[PDB]
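**Q** Got work.pdb for you, PDB, C-alpha atoms:
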```
MODEL        1
ATOM      1  CA  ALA A   1     -66.036  87.565 -49.264
ATOM      2  CA  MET A   2     -67.328  90.204 -46.675
ATOM      3  CA  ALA A   3     -67.292  88.662 -43.180
ATOM      4  CA  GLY A   4     -69.785  89.909 -40.572
ATOM      5  CA  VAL A   5     -72.070  88.823 -37.755
ATOM      6  CA  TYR A   6     -75.778  89.069 -37.510
ATOM      7  CA  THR A   7     -76.992  88.930 -33.913
ATOM      8  CA  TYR A   8     -80.513  88.156 -32.916
ATOM      9  CA  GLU A   9     -81.800  87.980 -29.348
ATOM     10  CA  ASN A  10     -84.856  86.281 -27.840
ATOM     11  CA  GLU A  11     -86.349  85.542 -24.423
ATOM     12  CA  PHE A  12     -89.102  83.285 -23.091
ATOM     13  CA  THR A  13     -90.303  82.487 -19.585
ATOM     14  CA  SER A  14     -90.958  79.295 -17.517
ATOM     15  CA  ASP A  15     -92.381  78.507 -14.054
ATOM     16  CA  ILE A  16     -89.649  75.870 -13.645
ATOM     17  CA  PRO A  17     -86.885  77.080 -11.372
ATOM     18  CA  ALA A  18     -83.594  77.946 -13.067
ATOM     19  CA  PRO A  19     -81.370  75.326 -11.447
ATOM     20  CA  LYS A  20     -83.627  72.426 -12.390
ATOM     21  CA  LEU A  21     -84.091  73.782 -15.829
ATOM     22  CA  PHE A  22     -80.342  74.145 -16.176
ATOM     23  CA  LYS A  23     -79.743  70.551 -15.111
ATOM     24  CA  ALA A  24     -82.422  69.132 -17.415
ATOM     25  CA  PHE A  25     -82.442  71.337 -20.550
ATOM     26  CA  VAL A  26     -78.696  72.103 -20.531
ATOM     27  CA  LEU A  27     -76.653  69.519 -18.788
ATOM     28  CA  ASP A  28     -78.744  66.396 -19.612
ATOM     29  CA  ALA A  29     -80.036  67.317 -23.062
ATOM     30  CA  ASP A  30     -78.275  64.221 -24.622
ATOM     31  CA  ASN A  31     -80.431  62.087 -22.369
ATOM     32  CA  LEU A  32     -83.637  64.006 -21.802
ATOM     33  CA  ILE A  33     -84.576  65.081 -25.319
ATOM     34  CA  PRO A  34     -84.537  61.592 -26.916
ATOM     35  CA  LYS A  35     -87.027  60.627 -24.242
ATOM     36  CA  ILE A  36     -89.672  63.240 -24.939
ATOM     37  CA  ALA A  37     -89.139  63.894 -28.638
ATOM     38  CA  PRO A  38     -87.494  60.933 -30.377
ATOM     39  CA  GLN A  39     -87.743  62.855 -33.680
ATOM     40  CA  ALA A  40     -85.967  66.005 -32.524
ATOM     41  CA  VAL A  41     -83.033  63.892 -31.238
ATOM     42  CA  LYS A  42     -82.554  60.183 -31.965
ATOM     43  CA  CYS A  43     -78.926  60.177 -30.830
ATOM     44  CA  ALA A  44     -76.138  62.420 -29.455
ATOM     45  CA  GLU A  45     -72.507  61.244 -29.525
ATOM     46  CA  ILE A  46     -69.440  63.021 -28.144
ATOM     47  CA  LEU A  47     -66.640  62.972 -30.784
ATOM     48  CA  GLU A  48     -63.972  64.743 -28.748
ATOM     49  CA  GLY A  49     -63.459  66.362 -25.455
ATOM     50  CA  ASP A  50     -64.628  65.814 -21.915
ATOM     51  CA  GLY A  51     -68.125  67.343 -22.185
ATOM     52  CA  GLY A  52     -66.914  70.884 -21.331
ATOM     53  CA  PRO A  53     -65.239  73.609 -23.431
ATOM     54  CA  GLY A  54     -63.972  72.350 -26.819
ATOM     55  CA  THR A  55     -66.208  69.273 -26.850
ATOM     56  CA  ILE A  56     -67.559  68.253 -30.215
ATOM     57  CA  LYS A  57     -70.912  66.502 -30.463
ATOM     58  CA  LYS A  58     -72.757  64.836 -33.358
ATOM     59  CA  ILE A  59     -76.475  64.937 -33.072
ATOM     60  CA  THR A  60     -78.568  62.662 -35.257
ATOM     61  CA  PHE A  61     -82.284  63.275 -35.736
ATOM     62  CA  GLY A  62     -85.337  61.285 -36.962
ATOM     63  CA  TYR A  67     -83.424  62.635 -41.313
ATOM     64  CA  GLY A  68     -79.834  64.109 -40.913
ATOM     65  CA  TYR A  69     -77.380  65.366 -38.292
ATOM     66  CA  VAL A  70     -75.469  68.413 -36.939
ATOM     67  CA  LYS A  71     -72.245  68.947 -35.088
ATOM     68  CA  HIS A  72     -71.994  71.282 -32.096
ATOM     69  CA  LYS A  73     -68.853  72.661 -30.548
ATOM     70  CA  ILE A  74     -69.262  73.627 -26.849
ATOM     71  CA  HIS A  75     -67.588  76.943 -26.002
ATOM     72  CA  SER A  76     -68.419  77.412 -22.358
ATOM     73  CA  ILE A  77     -70.558  76.038 -19.507
ATOM     74  CA  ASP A  78     -70.906  78.227 -16.391
ATOM     75  CA  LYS A  79     -72.826  76.006 -14.002
ATOM     76  CA  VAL A  80     -72.814  78.470 -11.194
ATOM     77  CA  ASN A  81     -74.169  81.349 -13.282
ATOM     78  CA  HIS A  82     -76.465  79.013 -15.319
ATOM     79  CA  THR A  83     -75.120  80.071 -18.759
ATOM     80  CA  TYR A  84     -74.066  77.918 -21.711
ATOM     81  CA  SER A  85     -72.672  78.627 -25.189
ATOM     82  CA  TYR A  86     -71.945  76.436 -28.213
ATOM     83  CA  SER A  87     -71.771  76.795 -31.992
ATOM     84  CA  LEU A  88     -73.495  74.920 -34.842
ATOM     85  CA  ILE A  89     -70.412  74.057 -36.893
ATOM     86  CA  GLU A  90     -71.916  71.498 -39.320
ATOM     87  CA  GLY A  91     -75.435  71.056 -40.617
ATOM     88  CA  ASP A  92     -78.102  72.200 -43.057
ATOM     89  CA  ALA A  93     -78.608  75.732 -41.626
ATOM     90  CA  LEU A  94     -75.020  76.399 -42.714
ATOM     91  CA  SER A  95     -73.890  77.307 -46.266
ATOM     92  CA  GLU A  96     -71.237  79.391 -48.121
ATOM     93  CA  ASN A  97     -73.255  82.425 -46.867
ATOM     94  CA  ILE A  98     -73.631  81.283 -43.199
ATOM     95  CA  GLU A  99     -70.467  79.561 -42.080
ATOM     96  CA  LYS A 100     -71.438  79.013 -38.510
ATOM     97  CA  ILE A 101     -73.906  79.995 -35.859
ATOM     98  CA  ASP A 102     -73.054  80.701 -32.150
ATOM     99  CA  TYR A 103     -75.698  80.327 -29.469
ATOM    100  CA  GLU A 104     -75.502  81.715 -25.971
ATOM    101  CA  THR A 105     -78.203  80.940 -23.461
ATOM    102  CA  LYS A 106     -78.626  82.437 -19.984
ATOM    103  CA  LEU A 107     -81.130  81.281 -17.399
ATOM    104  CA  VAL A 108     -82.080  84.093 -15.136
ATOM    105  CA  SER A 109     -84.156  83.795 -11.935
ATOM    106  CA  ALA A 110     -87.467  85.530 -12.181
ATOM    107  CA  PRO A 111     -89.149  87.409  -9.296
ATOM    108  CA  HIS A 112     -91.606  84.624  -8.358
ATOM    109  CA  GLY A 113     -89.337  81.568  -8.589
ATOM    110  CA  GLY A 114     -89.510  80.766 -12.327
ATOM    111  CA  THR A 115     -86.999  81.551 -15.096
ATOM    112  CA  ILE A 116     -86.310  83.921 -17.973
ATOM    113  CA  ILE A 117     -84.382  82.124 -20.653
ATOM    114  CA  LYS A 118     -82.386  84.558 -22.775
ATOM    115  CA  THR A 119     -80.817  83.365 -26.066
ATOM    116  CA  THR A 120     -78.456  85.240 -28.365
ATOM    117  CA  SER A 121     -77.882  83.802 -31.836
ATOM    118  CA  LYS A 122     -74.868  85.038 -33.787
ATOM    119  CA  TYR A 123     -74.730  84.082 -37.487
ATOM    120  CA  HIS A 124     -71.226  84.368 -38.937
ATOM    121  CA  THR A 125     -71.877  85.544 -42.513
ATOM    122  CA  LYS A 126     -69.788  85.743 -45.733
ATOM    123  CA  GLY A 127     -70.844  88.000 -48.633
ATOM    124  CA  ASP A 128     -74.273  89.526 -49.006
ATOM    125  CA  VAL A 129     -76.444  88.867 -46.034
ATOM    126  CA  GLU A 130     -79.825  87.309 -46.494
ATOM    127  CA  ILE A 131     -81.726  86.161 -43.429
ATOM    128  CA  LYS A 132     -85.448  85.702 -43.602
ATOM    129  CA  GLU A 133     -87.720  86.739 -40.754
ATOM    130  CA  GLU A 134     -89.759  83.593 -41.543
ATOM    131  CA  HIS A 135     -86.870  81.170 -41.045
ATOM    132  CA  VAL A 136     -85.924  82.874 -37.764
ATOM    133  CA  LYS A 137     -89.520  82.671 -36.566
ATOM    134  CA  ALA A 138     -89.939  78.992 -37.691
ATOM    135  CA  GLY A 139     -86.818  78.274 -35.600
ATOM    136  CA  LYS A 140     -88.269  79.945 -32.490
ATOM    137  CA  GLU A 141     -91.685  78.214 -32.808
ATOM    138  CA  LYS A 142     -89.917  74.814 -33.193
ATOM    139  CA  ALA A 143     -87.793  75.429 -30.169
ATOM    140  CA  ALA A 144     -90.798  76.638 -28.153
ATOM    141  CA  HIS A 145     -92.759  73.495 -28.929
ATOM    142  CA  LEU A 146     -89.906  71.398 -27.675
ATOM    143  CA  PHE A 147     -89.355  73.558 -24.655
ATOM    144  CA  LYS A 148     -93.025  73.124 -23.703
ATOM    145  CA  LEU A 149     -92.487  69.359 -23.824
ATOM    146  CA  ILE A 150     -89.458  69.580 -21.506
ATOM    147  CA  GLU A 151     -91.520  71.637 -19.064
ATOM    148  CA  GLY A 152     -94.294  69.019 -19.208
ATOM    149  CA  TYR A 153     -91.801  66.238 -18.480
ATOM    150  CA  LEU A 154     -90.375  68.094 -15.476
ATOM    151  CA  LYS A 155     -93.822  68.680 -14.050
ATOM    152  CA  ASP A 156     -94.709  64.968 -14.664
ATOM    153  CA  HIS A 157     -91.512  63.767 -12.774
ATOM    154  CA  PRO A 158     -91.024  66.103  -9.921
ATOM    155  CA  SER A 159     -88.381  63.972  -8.192
ATOM    156  CA  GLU A 160     -85.965  64.496 -11.160
ATOM    157  CA  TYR A 161     -83.287  67.219 -11.523
ATOM    158  CA  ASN A 162     -83.596  68.647  -8.052
TER     159      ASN A 162
ENDMDL
END
```
Please express the file's structure as structure tokens.
**A**
Amino acid sequence: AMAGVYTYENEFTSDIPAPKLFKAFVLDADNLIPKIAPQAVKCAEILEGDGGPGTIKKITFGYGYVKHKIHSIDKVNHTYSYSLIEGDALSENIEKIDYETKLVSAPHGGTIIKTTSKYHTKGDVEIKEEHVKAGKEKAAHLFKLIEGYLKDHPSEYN
């Protein structure tokens, strides 16, 4: 019954400018990711809301699905936050996970992507280093694919 929050932060870099990355990775993820990784995302459907705060999305992938609830989108600052509210990473021990991502402009025109994950826990906390790392290496593979797409279609997301 003990409720708590485990917070984990991570950061990676890109040569892609922040605005373009924001438009592609963040704002057009429903459309872009199916294109470059049909297994990571087959389908995204909005179940309620506009597409801004409060929006609920169902994401189906090549098998199972998750639901995301959008908390905020700050287009001007290039920050985004949303929670995993249904899916297999959840349990009686992890009731939900909040993500917050910030795209910061690097010195030479690229980006530093900073992500905070907050696991809302119940009872004893058990969180394996190996599952956290497997999550980062999966995301990084898919991020590298997005970067490749943006470099292969330079007239997009300007």
**Q** If the PyMOL selection byres ((chain A and resi 58) around 8) is run on the structure shown, which residues does it catch, given as a list in words?
**A**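 Here the PyMOL selection byres ((chain A and resi 58) around 8) matches residues 44, 45, 46, 47, 56, 57, 59, 60, 69, 70, 71 and 72 of chain A.
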**Q** List the spatial neighbours of residue 78 (chain A) as a list in words - criterion: any atom at most 10 Å away, all atoms listed in the file, same-chain residues fewer than 5 positions off excluded.
**A** residues 52, 83, 84, 85 and 106 of chain A
**Q** With the file shown as input, list the residues that the PyMOL selection byres ((chain A and resi 6) around 12) selects, as a list in words.
**A**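 Output from the PyMOL selection byres ((chain A and resi 6) around 12), applied to this file: residues 3, 4, 5, 7, 8, 9, 97, 98, 99, 100, 101, 102, 103, 120, 121, 122, 123, 124, 125, 126, 128, 129, 130, 131, 132 and 136 of chain A.
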**Q** What's the 9 Å shell around region 62-68 of chain A, counting only C-alpha atoms, without same-chain residues fewer than 6 positions away, as a PyMOL selection string?
**A** chain A and resi 38-43+91-92
**Q** Write the selection just made, keeping C-alpha atoms, as a short mmCIF file (atom, residue, chain, number, x, y, z; two decimals), in the frame of the given file?
**A**
```cif
data_model
loop_
_atom_site.label_atom_id
_atom_site.label_comp_id
_atom_site.auth_asym_id
_atom_site.auth_seq_id
_atom_site.Cartn_x
_atom_site.Cartn_y
_atom_site.Cartn_z
CA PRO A 38 -87.49 60.93 -30.38
CA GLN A 39 -87.74 62.86 -33.68
CA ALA A 40 -85.97 66.00 -32.52
CA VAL A 41 -83.03 63.89 -31.24
CA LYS A 42 -82.55 60.18 -31.96
CA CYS A 43 -78.93 60.18 -30.83
CA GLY A 91 -75.44 71.06 -40.62
CA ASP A 92 -78.10 72.20 -43.06
#
```
**Q** Rank A:144, A:110, A:89, A:74 by their smallest atom-to-atom distance to residue 19 (chain A), using all atoms listed in the file, and report the top residue only.
**A**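 Among the listed residues, A:110 lies closest to residue 19 (chain A).
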**Q** Which is closer to residue 25 (chain A) than all the others in A:107, A:141, A:113, A:159, using only C-alpha atoms?
**A**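 Checking each of A:107, A:141, A:113, A:159 against residue 25 (chain A), counting only C-alpha atoms, the winner is A:107.
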**Q** Could you state which residues are captured by the PyMOL selection byres ((chain A and resi 13) around 10) in this file, as an MDAnalysis selection string?
**A** chainID A and resid 11:12 14:16 107:110 114:118
**Q** Do a neighbour search on residue 27 (chain A) at 9 Å with all atoms listed in the file, toss out local chain neighbours closer than 3 positions, and write the hits as a count of residues only.
**A** 6
**Q** Report, in Å to a single decimal, how far apart CA of residue 147 (chain A) and CA of residue 32 (chain A) are.
**A**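 Taking CA of residue 32 (chain A) as the start and CA of residue 147 (chain A) as the end point, the length is 11.5 Å.
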**Q** Mind rebuilding region 62-82 of chain A with N, CA, C and O atoms and writing that out as a short mmCIF file (atom, residue, chain, number, x, y, z; two decimals), in the coordinates of the input?
**A**
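The file below, selection30.cif, is the result:
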```
data_model
loop_
_atom_site.label_atom_id
_atom_site.label_comp_id
_atom_site.auth_asym_id
_atom_site.auth_seq_id
_atom_site.Cartn_x
_atom_site.Cartn_y
_atom_site.Cartn_z
N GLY A 62 -84.37 62.15 -36.23
CA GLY A 62 -85.34 61.28 -36.96
C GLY A 62 -85.78 61.70 -38.36
O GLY A 62 -86.49 60.93 -39.03
N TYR A 67 -84.65 63.28 -41.80
CA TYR A 67 -83.42 62.64 -41.31
C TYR A 67 -82.11 63.38 -41.72
O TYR A 67 -82.04 63.97 -42.80
N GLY A 68 -81.10 63.31 -40.84
CA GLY A 68 -79.83 64.11 -40.91
C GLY A 68 -79.13 64.28 -39.55
O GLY A 68 -79.53 63.69 -38.55
N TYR A 69 -78.11 65.13 -39.50
CA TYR A 69 -77.38 65.37 -38.29
C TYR A 69 -76.68 66.75 -38.30
O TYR A 69 -76.50 67.35 -39.33
N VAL A 70 -76.30 67.23 -37.11
CA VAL A 70 -75.47 68.41 -36.94
C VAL A 70 -74.32 68.10 -36.02
O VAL A 70 -74.36 67.14 -35.27
N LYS A 71 -73.30 68.94 -36.07
CA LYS A 71 -72.24 68.95 -35.09
C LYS A 71 -72.27 70.29 -34.34
O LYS A 71 -72.41 71.36 -34.98
N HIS A 72 -72.09 70.20 -33.01
CA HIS A 72 -71.99 71.28 -32.10
C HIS A 72 -70.64 71.30 -31.48
O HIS A 72 -70.10 70.24 -31.14
N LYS A 73 -70.07 72.47 -31.36
CA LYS A 73 -68.85 72.66 -30.55
C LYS A 73 -69.21 73.51 -29.30
O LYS A 73 -69.70 74.61 -29.43
N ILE A 74 -69.05 72.92 -28.12
CA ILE A 74 -69.26 73.63 -26.85
C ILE A 74 -68.19 74.66 -26.62
O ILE A 74 -67.04 74.35 -26.74
N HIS A 75 -68.57 75.90 -26.30
CA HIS A 75 -67.59 76.94 -26.00
C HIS A 75 -67.45 77.16 -24.53
O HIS A 75 -66.32 77.24 -24.04
N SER A 76 -68.53 77.27 -23.80
CA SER A 76 -68.42 77.41 -22.36
C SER A 76 -69.68 76.89 -21.64
O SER A 76 -70.76 76.84 -22.21
N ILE A 77 -69.49 76.45 -20.40
CA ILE A 77 -70.56 76.04 -19.51
C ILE A 77 -70.27 76.69 -18.14
O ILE A 77 -69.25 76.43 -17.52
N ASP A 78 -71.09 77.63 -17.71
CA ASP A 78 -70.91 78.23 -16.39
C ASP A 78 -72.05 77.74 -15.51
O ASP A 78 -73.15 78.32 -15.51
N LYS A 79 -71.80 76.65 -14.77
CA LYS A 79 -72.83 76.01 -14.00
C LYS A 79 -73.33 76.87 -12.87
O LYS A 79 -74.45 76.75 -12.43
N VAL A 80 -72.48 77.69 -12.35
CA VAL A 80 -72.81 78.47 -11.19
C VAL A 80 -73.69 79.62 -11.64
O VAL A 80 -74.64 79.98 -10.98
N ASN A 81 -73.34 80.26 -12.76
CA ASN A 81 -74.17 81.35 -13.28
C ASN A 81 -75.34 80.87 -14.14
O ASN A 81 -76.12 81.68 -14.54
N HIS A 82 -75.45 79.58 -14.44
CA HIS A 82 -76.46 79.01 -15.32
C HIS A 82 -76.45 79.60 -16.77
O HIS A 82 -77.50 80.01 -17.29
#
```
